[PDB]
Structures are given as structure tokens and as C-alpha cells.
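Have a look at the structure below, then the notes.
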Amino acid sequence: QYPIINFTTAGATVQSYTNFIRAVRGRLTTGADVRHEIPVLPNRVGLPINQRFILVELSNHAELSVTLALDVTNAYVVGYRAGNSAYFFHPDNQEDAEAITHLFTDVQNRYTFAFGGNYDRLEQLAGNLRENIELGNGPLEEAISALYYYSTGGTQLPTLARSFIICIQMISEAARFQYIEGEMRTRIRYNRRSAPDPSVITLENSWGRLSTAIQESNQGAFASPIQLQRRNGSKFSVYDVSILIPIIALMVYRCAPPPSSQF
Ligand SMILES: Nc1nc2nc(C(=O)N[C@H](CO)Cc3ccccc3)cnc2c(=O)[nH]1
Ligand SMILES: Nc1nc2nc(C(=O)N[C@H](CO)Cc3ccccc3)cnc2c(=O)[nH]1
């Protein structure tokens, strides 16, 4: 029922990854909500359950497959399926707990992790911060295998957490930010794995705040500036939506758009 987007790390190229991220965005946003040229994800309020999730089927060179489930309201990876088992992060509320019962309904074994799926929790379990976890095609290839083998005992909990961190950034964060997509394209082009620099980290950390600032803006102008970081870690001040158009690809719904107010 839910749309499926396929990607493989096997012989991945800049183009195949670009096609994948574009398709993910296409299934996440409906086209109904575009503000300052930036699409907004569907509002959770009144969103029918048959429109709530998308599925990302990840394959690798090792001939293994896992399916991630993404919530369309925030691009959040809520859980995954590998063969006869499915695993969901501890839901943040009762609504999201009910919603996930509509996922992988034919699977033999259903588990809900006792831990939530946010970076802070996953970093704790991994024993490493995002800034020390390498990203790229190699890490993703390995992440798919680690997720696949979890139910049989082959994957340590820190490895599982690290593997989620890799998947979330290379799929959800890349979907959210053209900038992060670009950073992943670079890694794929040269087949060189590397941890995300401060520009990537601060964008990830600022997605919610940027979404709200843009939506609350006065004709694009922020009431309060947002501080981002450059690749070298130096501060970059954001005063306006204009500078973000090439950077942010989609936003979480935060408030209803104000009337057009033409002159
Ligand atoms: N499973 C899963 N987890 C995710 N976790 C995060 C995440 O933890 N983001 C954090 C908290 O909102 C960003 C942040 C905000 C403010 C200060 C510091 C950091 C983001 N995206 C996902 C995601 O797509 N799938
Ligand atoms: N479906 C779903 N969504 C979740 N979202 C959050 C979360 O931290 N959301 C924040 C604040 O509302 C917004 C946000 C910020 C950055 C990236 C993604 C979402 C936490 N857990 C879940 C969860 O268990 N299932």
C-alpha cells in the first residue's frame, strides 16, 4: 500500500544516488505546500493513515535487503524490516505508536525497541557522536548488512546504533537538505568515506528551527537570526530564507501559511 523507493549501494554512482534522493522527496512532499520556493511536508493533523509512511528498500553488494519506514510528516526513520523481523524505535507519543501498527503488518516477528530513535539516544548506544561516524557508500553498504543480521545475533548494539545513524543521515538528512545530499554525492563520487563536518552537523541540528523561522518569517525575513557553521567550524549568520533556498529542500510543517498580502 505505502510507496516503495529502491536504492542499492552496489555500484552506486552520483546519478543513482541523486535519482534516489529525488524520488524520496517526491514521495515525501505532495506539492500542496511550497513557501519561498521551499516545499513543506504534510501536516500531521488530519493526515489519513494510508498516506502516513513511505518505504525505502535498501539493497547492497552483499545481496542483502532491509526496508526502512519513513514518516512523511518529518522524514523520520521509525523502524525497519529485515526478512521475518521488524524493529521500531520507542514512539515519542501514543499517536505515533498507533501509526506504526500499520507498518510491516505481514511480518512474523514485531519488536519495539525500548529506546527512542533520536541522535542523542543513538549516539549514546553507539558510543560515538555523529562527528566521529564515517559516512559514504562503504558505511551504508556495511550498515545494511548490520541491520540485516541483527535478529540472528551477529550485530552488536553499538554497531546497530551506528548503522541507524548512517542510514538516517544518508537518507532523511539528504532528503531534507540539498547541501547534505551534495556532501554524500562527493563521498560517492570519490568512493571515500568520511565523518560529517560541522556544516553538516549544524544543519541537521537546525532543521526544526530553520523550518519554524522560515514559516514565521516576515516576507522571508527572520525576526531572530540563526547561527550555522561553515566546513571549518566558523559561524555563519542566517537572516533570511533567500540564502537557504539552495540549502534546504523541505521543511517540517510548523504553522499555517499567512495570507498572500499582495500590494
Ligand atoms: N530515527 C530518526 N532519528 C532522527 N533523529 C534526529 C535527531 O535526533 N535530530 C535532533 C533532535 O531533533 C536535532 C537537534 C535539534 C536541536 C539540538 C540538537 C539536535 C533527526 N532525524 C531523525 C530521523 O530522521 N530518523
Ligand atoms: N514519527 C516519529 N517522529 C518522531 N519525531 C521525533 C522528534 O524528535 N521530532 C522533532 C520534534 O517534534 C521534529 C524533528 C526534528 C528533526 C528531525 C525530525 C523531526 C522523535 N521521535 C519520533 C518518533 O518516534 N516517531
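Labels used: A, B, ... for chains in the order of the C-alpha cells, numbers from 1 for residues in each chain, and numbers from 1 for ligands as shown.
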
Expected selection as a PyMOL selection string for ligand 2 within 7 Å, only C-alpha atoms and all ligand atoms:
chain A and resi 71+74-76+78+89-92+96+116-118+207-208

Any residue with an atom at most 10 Å from ligand 1 counts, using only C-alpha atoms and all ligand atoms. Which are they? Put them as a PDB file with N, CA, C and O atoms, in the first residue's frame.
ATOM      1  N   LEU A  68      13.457   0.406   5.300  1.00  0.00           N
ATOM      2  CA  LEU A  68      13.213   1.457   6.279  1.00  0.00           C
ATOM      3  C   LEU A  68      11.832   2.045   6.065  1.00  0.00           C
ATOM      4  O   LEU A  68      11.383   2.189   4.926  1.00  0.00           O
ATOM      5  N   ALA A  69      11.163   2.379   7.166  1.00  0.00           N
ATOM      6  CA  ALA A  69       9.892   3.094   7.112  1.00  0.00           C
ATOM      7  C   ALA A  69      10.111   4.531   7.557  1.00  0.00           C
ATOM      8  O   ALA A  69      10.684   4.776   8.622  1.00  0.00           O
ATOM      9  N   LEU A  70       9.670   5.468   6.719  1.00  0.00           N
ATOM     10  CA  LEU A  70       9.790   6.898   6.998  1.00  0.00           C
ATOM     11  C   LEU A  70       8.421   7.528   7.155  1.00  0.00           C
ATOM     12  O   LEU A  70       7.527   7.298   6.342  1.00  0.00           O
ATOM     13  N   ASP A  71       8.275   8.309   8.220  1.00  0.00           N
ATOM     14  CA  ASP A  71       7.084   9.114   8.484  1.00  0.00           C
ATOM     15  C   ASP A  71       7.141  10.334   7.561  1.00  0.00           C
ATOM     16  O   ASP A  71       8.114  11.087   7.595  1.00  0.00           O
ATOM     17  N   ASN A  74       7.776  14.172   8.879  1.00  0.00           N
ATOM     18  CA  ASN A  74       9.077  14.661   9.333  1.00  0.00           C
ATOM     19  C   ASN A  74      10.286  13.954   8.710  1.00  0.00           C
ATOM     20  O   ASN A  74      11.424  14.262   9.073  1.00  0.00           O
ATOM     21  N   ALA A  75      10.035  13.021   7.784  1.00  0.00           N
ATOM     22  CA  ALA A  75      11.067  12.143   7.181  1.00  0.00           C
ATOM     23  C   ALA A  75      11.795  11.226   8.188  1.00  0.00           C
ATOM     24  O   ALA A  75      12.838  10.649   7.877  1.00  0.00           O
ATOM     25  N   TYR A  76      11.221  11.071   9.378  1.00  0.00           N
ATOM     26  CA  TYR A  76      11.821  10.294  10.462  1.00  0.00           C
ATOM     27  C   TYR A  76      11.810   8.804  10.135  1.00  0.00           C
ATOM     28  O   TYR A  76      10.794   8.266   9.688  1.00  0.00           O
ATOM     29  N   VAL A  77      12.952   8.152  10.339  1.00  0.00           N
ATOM     30  CA  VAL A  77      13.052   6.699  10.218  1.00  0.00           C
ATOM     31  C   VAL A  77      12.458   6.116  11.500  1.00  0.00           C
ATOM     32  O   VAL A  77      13.048   6.240  12.576  1.00  0.00           O
ATOM     33  N   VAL A  78      11.287   5.500  11.375  1.00  0.00           N
ATOM     34  CA  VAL A  78      10.545   4.991  12.543  1.00  0.00           C
ATOM     35  C   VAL A  78      10.876   3.539  12.888  1.00  0.00           C
ATOM     36  O   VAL A  78      10.608   3.079  14.000  1.00  0.00           O
ATOM     37  N   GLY A  79      11.448   2.824  11.927  1.00  0.00           N
ATOM     38  CA  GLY A  79      11.799   1.430  12.116  1.00  0.00           C
ATOM     39  C   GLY A  79      12.230   0.797  10.816  1.00  0.00           C
ATOM     40  O   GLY A  79      12.343   1.478   9.788  1.00  0.00           O
ATOM     41  N   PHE A  88      10.962  -1.337  15.589  1.00  0.00           N
ATOM     42  CA  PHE A  88      10.537   0.060  15.644  1.00  0.00           C
ATOM     43  C   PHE A  88      11.145   0.744  16.848  1.00  0.00           C
ATOM     44  O   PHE A  88      11.219   0.154  17.928  1.00  0.00           O
ATOM     45  N   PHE A  89      11.555   1.998  16.674  1.00  0.00           N
ATOM     46  CA  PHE A  89      12.000   2.814  17.797  1.00  0.00           C
ATOM     47  C   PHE A  89      10.842   3.072  18.754  1.00  0.00           C
ATOM     48  O   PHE A  89       9.681   3.074  18.335  1.00  0.00           O
ATOM     49  N   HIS A  90      11.169   3.259  20.034  1.00  0.00           N
ATOM     50  CA  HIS A  90      10.177   3.613  21.051  1.00  0.00           C
ATOM     51  C   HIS A  90       9.478   4.909  20.630  1.00  0.00           C
ATOM     52  O   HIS A  90      10.134   5.944  20.505  1.00  0.00           O
ATOM     53  N   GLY A 116      14.318   5.262  22.161  1.00  0.00           N
ATOM     54  CA  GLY A 116      13.901   6.142  21.068  1.00  0.00           C
ATOM     55  C   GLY A 116      14.965   6.251  19.988  1.00  0.00           C
ATOM     56  O   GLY A 116      16.116   5.850  20.190  1.00  0.00           O
ATOM     57  N   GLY A 117      14.580   6.807  18.842  1.00  0.00           N
ATOM     58  CA  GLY A 117      15.454   6.847  17.672  1.00  0.00           C
ATOM     59  C   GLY A 117      16.160   8.149  17.370  1.00  0.00           C
ATOM     60  O   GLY A 117      16.728   8.289  16.291  1.00  0.00           O
ATOM     61  N   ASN A 118      16.123   9.105  18.297  1.00  0.00           N
ATOM     62  CA  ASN A 118      16.829  10.374  18.115  1.00  0.00           C
ATOM     63  C   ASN A 118      18.343  10.206  18.188  1.00  0.00           C
ATOM     64  O   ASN A 118      18.839   9.252  18.802  1.00  0.00           O
ATOM     65  N   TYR A 119      19.068  11.129  17.557  1.00  0.00           N
ATOM     66  CA  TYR A 119      20.533  11.092  17.537  1.00  0.00           C
ATOM     67  C   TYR A 119      21.157  10.958  18.921  1.00  0.00           C
ATOM     68  O   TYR A 119      22.061  10.149  19.093  1.00  0.00           O
ATOM     69  N   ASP A 120      20.678  11.739  19.895  1.00  0.00           N
ATOM     70  CA  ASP A 120      21.257  11.706  21.247  1.00  0.00           C
ATOM     71  C   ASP A 120      21.258  10.303  21.863  1.00  0.00           C
ATOM     72  O   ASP A 120      22.285   9.852  22.372  1.00  0.00           O
ATOM     73  N   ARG A 121      20.129   9.606  21.746  1.00  0.00           N
ATOM     74  CA  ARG A 121      19.989   8.228  22.217  1.00  0.00           C
ATOM     75  C   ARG A 121      20.859   7.256  21.414  1.00  0.00           C
ATOM     76  O   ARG A 121      21.548   6.412  21.996  1.00  0.00           O
ATOM     77  N   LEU A 122      20.835   7.392  20.088  1.00  0.00           N
ATOM     78  CA  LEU A 122      21.609   6.514  19.212  1.00  0.00           C
ATOM     79  C   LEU A 122      23.116   6.697  19.377  1.00  0.00           C
ATOM     80  O   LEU A 122      23.855   5.715  19.354  1.00  0.00           O
ATOM     81  N   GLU A 123      23.553   7.942  19.571  1.00  0.00           N
ATOM     82  CA  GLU A 123      24.961   8.258  19.849  1.00  0.00           C
ATOM     83  C   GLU A 123      25.443   7.660  21.168  1.00  0.00           C
ATOM     84  O   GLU A 123      26.566   7.154  21.245  1.00  0.00           O
ATOM     85  N   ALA A 161      23.253   0.855  16.376  1.00  0.00           N
ATOM     86  CA  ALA A 161      23.026   2.285  16.593  1.00  0.00           C
ATOM     87  C   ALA A 161      23.793   3.129  15.574  1.00  0.00           C
ATOM     88  O   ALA A 161      23.217   4.048  14.979  1.00  0.00           O
ATOM     89  N   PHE A 164      22.140   2.814  12.141  1.00  0.00           N
ATOM     90  CA  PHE A 164      20.984   3.716  12.065  1.00  0.00           C
ATOM     91  C   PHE A 164      21.417   5.156  11.798  1.00  0.00           C
ATOM     92  O   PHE A 164      20.847   5.824  10.933  1.00  0.00           O
ATOM     93  N   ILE A 165      22.435   5.617  12.524  1.00  0.00           N
ATOM     94  CA  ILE A 165      22.982   6.968  12.362  1.00  0.00           C
ATOM     95  C   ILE A 165      23.425   7.222  10.911  1.00  0.00           C
ATOM     96  O   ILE A 165      23.152   8.290  10.360  1.00  0.00           O
ATOM     97  N   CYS A 167      22.302   5.496   8.143  1.00  0.00           N
ATOM     98  CA  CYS A 167      21.102   5.481   7.307  1.00  0.00           C
ATOM     99  C   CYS A 167      20.299   6.768   7.397  1.00  0.00           C
ATOM    100  O   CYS A 167      19.881   7.310   6.373  1.00  0.00           O
ATOM    101  N   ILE A 168      20.096   7.255   8.620  1.00  0.00           N
ATOM    102  CA  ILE A 168      19.308   8.463   8.855  1.00  0.00           C
ATOM    103  C   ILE A 168      19.914   9.657   8.114  1.00  0.00           C
ATOM    104  O   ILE A 168      19.197  10.419   7.461  1.00  0.00           O
ATOM    105  N   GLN A 169      21.229   9.815   8.201  1.00  0.00           N
ATOM    106  CA  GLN A 169      21.870  10.965   7.575  1.00  0.00           C
ATOM    107  C   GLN A 169      21.916  10.872   6.058  1.00  0.00           C
ATOM    108  O   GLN A 169      21.699  11.868   5.363  1.00  0.00           O
ATOM    109  N   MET A 170      22.171   9.673   5.549  1.00  0.00           N
ATOM    110  CA  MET A 170      22.326   9.478   4.112  1.00  0.00           C
ATOM    111  C   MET A 170      21.000   9.425   3.361  1.00  0.00           C
ATOM    112  O   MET A 170      20.980   9.556   2.135  1.00  0.00           O
ATOM    113  N   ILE A 171      19.902   9.247   4.095  1.00  0.00           N
ATOM    114  CA  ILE A 171      18.567   9.190   3.501  1.00  0.00           C
ATOM    115  C   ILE A 171      17.733  10.393   3.947  1.00  0.00           C
ATOM    116  O   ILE A 171      17.449  11.272   3.137  1.00  0.00           O
ATOM    117  N   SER A 172      17.364  10.442   5.228  1.00  0.00           N
ATOM    118  CA  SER A 172      16.494  11.502   5.733  1.00  0.00           C
ATOM    119  C   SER A 172      17.131  12.888   5.683  1.00  0.00           C
ATOM    120  O   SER A 172      16.509  13.831   5.193  1.00  0.00           O
ATOM    121  N   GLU A 173      18.365  13.021   6.171  1.00  0.00           N
ATOM    122  CA  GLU A 173      19.018  14.338   6.160  1.00  0.00           C
ATOM    123  C   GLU A 173      19.339  14.810   4.750  1.00  0.00           C
ATOM    124  O   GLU A 173      19.204  15.994   4.447  1.00  0.00           O
ATOM    125  N   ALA A 174      19.744  13.878   3.887  1.00  0.00           N
ATOM    126  CA  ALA A 174      19.965  14.188   2.480  1.00  0.00           C
ATOM    127  C   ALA A 174      18.674  14.627   1.788  1.00  0.00           C
ATOM    128  O   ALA A 174      18.696  15.544   0.975  1.00  0.00           O
ATOM    129  N   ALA A 175      17.553  13.991   2.130  1.00  0.00           N
ATOM    130  CA  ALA A 175      16.252  14.416   1.609  1.00  0.00           C
ATOM    131  C   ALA A 175      15.891  15.830   2.085  1.00  0.00           C
ATOM    132  O   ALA A 175      15.382  16.641   1.309  1.00  0.00           O
ATOM    133  N   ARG A 176      16.188  16.123   3.353  1.00  0.00           N
ATOM    134  CA  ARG A 176      15.869  17.425   3.953  1.00  0.00           C
ATOM    135  C   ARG A 176      16.713  18.570   3.396  1.00  0.00           C
ATOM    136  O   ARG A 176      16.220  19.690   3.265  1.00  0.00           O
ATOM    137  N   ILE A 201      26.594  18.795  10.501  1.00  0.00           N
ATOM    138  CA  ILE A 201      26.067  18.630  11.858  1.00  0.00           C
ATOM    139  C   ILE A 201      25.129  19.772  12.256  1.00  0.00           C
ATOM    140  O   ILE A 201      24.010  19.525  12.724  1.00  0.00           O
ATOM    141  N   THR A 202      25.568  21.011  12.044  1.00  0.00           N
ATOM    142  CA  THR A 202      24.763  22.163  12.454  1.00  0.00           C
ATOM    143  C   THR A 202      23.487  22.299  11.624  1.00  0.00           C
ATOM    144  O   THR A 202      22.460  22.698  12.167  1.00  0.00           O
ATOM    145  N   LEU A 203      23.536  21.939  10.339  1.00  0.00           N
ATOM    146  CA  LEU A 203      22.315  21.889   9.530  1.00  0.00           C
ATOM    147  C   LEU A 203      21.319  20.876  10.080  1.00  0.00           C
ATOM    148  O   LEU A 203      20.157  21.218  10.290  1.00  0.00           O
ATOM    149  N   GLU A 204      21.785  19.654  10.347  1.00  0.00           N
ATOM    150  CA  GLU A 204      20.950  18.609  10.959  1.00  0.00           C
ATOM    151  C   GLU A 204      20.295  19.099  12.247  1.00  0.00           C
ATOM    152  O   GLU A 204      19.082  18.972  12.433  1.00  0.00           O
ATOM    153  N   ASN A 205      21.107  19.699  13.113  1.00  0.00           N
ATOM    154  CA  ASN A 205      20.651  20.219  14.396  1.00  0.00           C
ATOM    155  C   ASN A 205      19.682  21.383  14.273  1.00  0.00           C
ATOM    156  O   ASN A 205      18.907  21.634  15.192  1.00  0.00           O
ATOM    157  N   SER A 206      19.727  22.081  13.140  1.00  0.00           N
ATOM    158  CA  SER A 206      18.938  23.290  12.936  1.00  0.00           C
ATOM    159  C   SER A 206      17.693  23.108  12.075  1.00  0.00           C
ATOM    160  O   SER A 206      16.982  24.078  11.844  1.00  0.00           O
ATOM    161  N   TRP A 207      17.424  21.890  11.599  1.00  0.00           N
ATOM    162  CA  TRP A 207      16.299  21.674  10.679  1.00  0.00           C
ATOM    163  C   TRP A 207      14.955  22.178  11.215  1.00  0.00           C
ATOM    164  O   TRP A 207      14.232  22.883  10.509  1.00  0.00           O
ATOM    165  N   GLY A 208      14.637  21.816  12.456  1.00  0.00           N
ATOM    166  CA  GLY A 208      13.393  22.246  13.098  1.00  0.00           C
ATOM    167  C   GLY A 208      13.312  23.756  13.238  1.00  0.00           C
ATOM    168  O   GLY A 208      12.292  24.365  12.893  1.00  0.00           O
ATOM    169  N   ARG A 209      14.399  24.355  13.722  1.00  0.00           N
ATOM    170  CA  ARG A 209      14.469  25.800  13.941  1.00  0.00           C
ATOM    171  C   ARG A 209      14.423  26.592  12.634  1.00  0.00           C
ATOM    172  O   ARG A 209      13.753  27.623  12.559  1.00  0.00           O
TER     173      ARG A 209
END

Residues flagged strand (DSSP E or B) by DSSP in region 46-199 of chain A, as a VMD selection string
chain A and resid 53 to 59 65 to 71 76 to 82 85 to 88 109 to 112 135 177 194

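With distances taken over only C-alpha atoms, A:102 is the one residue among A:162, A:81, A:25, A:102 lying closest to residue 53 (chain A).
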
Nearby residues (only C-alpha atoms) at most 8 Å from residue 220 (chain A), same-chain spacing under 3 positions excluded, as a ChimeraX atom specification
/A:36,214,217,240-242

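Look at residue 246 (chain A): the protein and nucleic acid residues within 9 Å of it, using only C-alpha atoms and passing over chain neighbours fewer than 5 places away, are residues 177, 178 and 179 of chain A.
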
Quick one: everything within 8 Å of residue 199 (chain A), counting only C-alpha atoms, minus sequence neighbours fewer than 2 positions away in the same chain. Send it as a VMD selection string.
chain A and resid 196 to 197 201 to 203 228 to 233

Looking only at the backbone, which of the residues in region 5-240 of chain A does DSSP tag as helix (DSSP H, G or I), as an MDAnalysis selection string?
chainID A and resid 14:28 49:51 94:102 119:126 130:132 137:148 150:152 157:176 178:190 198:216

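In this comparison, which uses only C-alpha atoms, the residue of A:128, A:6, A:16, A:260 approaching residue 66 (chain A) most closely is A:6.
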
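Distance annotation: of A:4, A:135, A:182, A:151, the residue with the minimal separation from residue 163 (chain A) is A:135; atom set is only C-alpha atoms.
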
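Considering the residues A:250, A:184, A:86, A:5 and counting only C-alpha atoms, residue 166 (chain A) has its shortest atom-to-atom contact with A:184.
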
Can you tell me which residues surround residue 239 (chain A) at a distance of at most 7 Å, considering only C-alpha atoms, apart from same-chain residues fewer than 5 positions away, and format the answer as a PDB file with C-alpha atoms, in the first residue's frame?
ATOM      1  CA  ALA A 221      12.966  37.993   6.906  1.00  0.00           C
ATOM      2  CA  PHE A 222      13.774  36.240  10.209  1.00  0.00           C
ATOM      3  CA  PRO A 225      18.934  35.214  13.237  1.00  0.00           C
ATOM      4  CA  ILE A 226      20.036  31.558  13.207  1.00  0.00           C
TER       5      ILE A 226
END
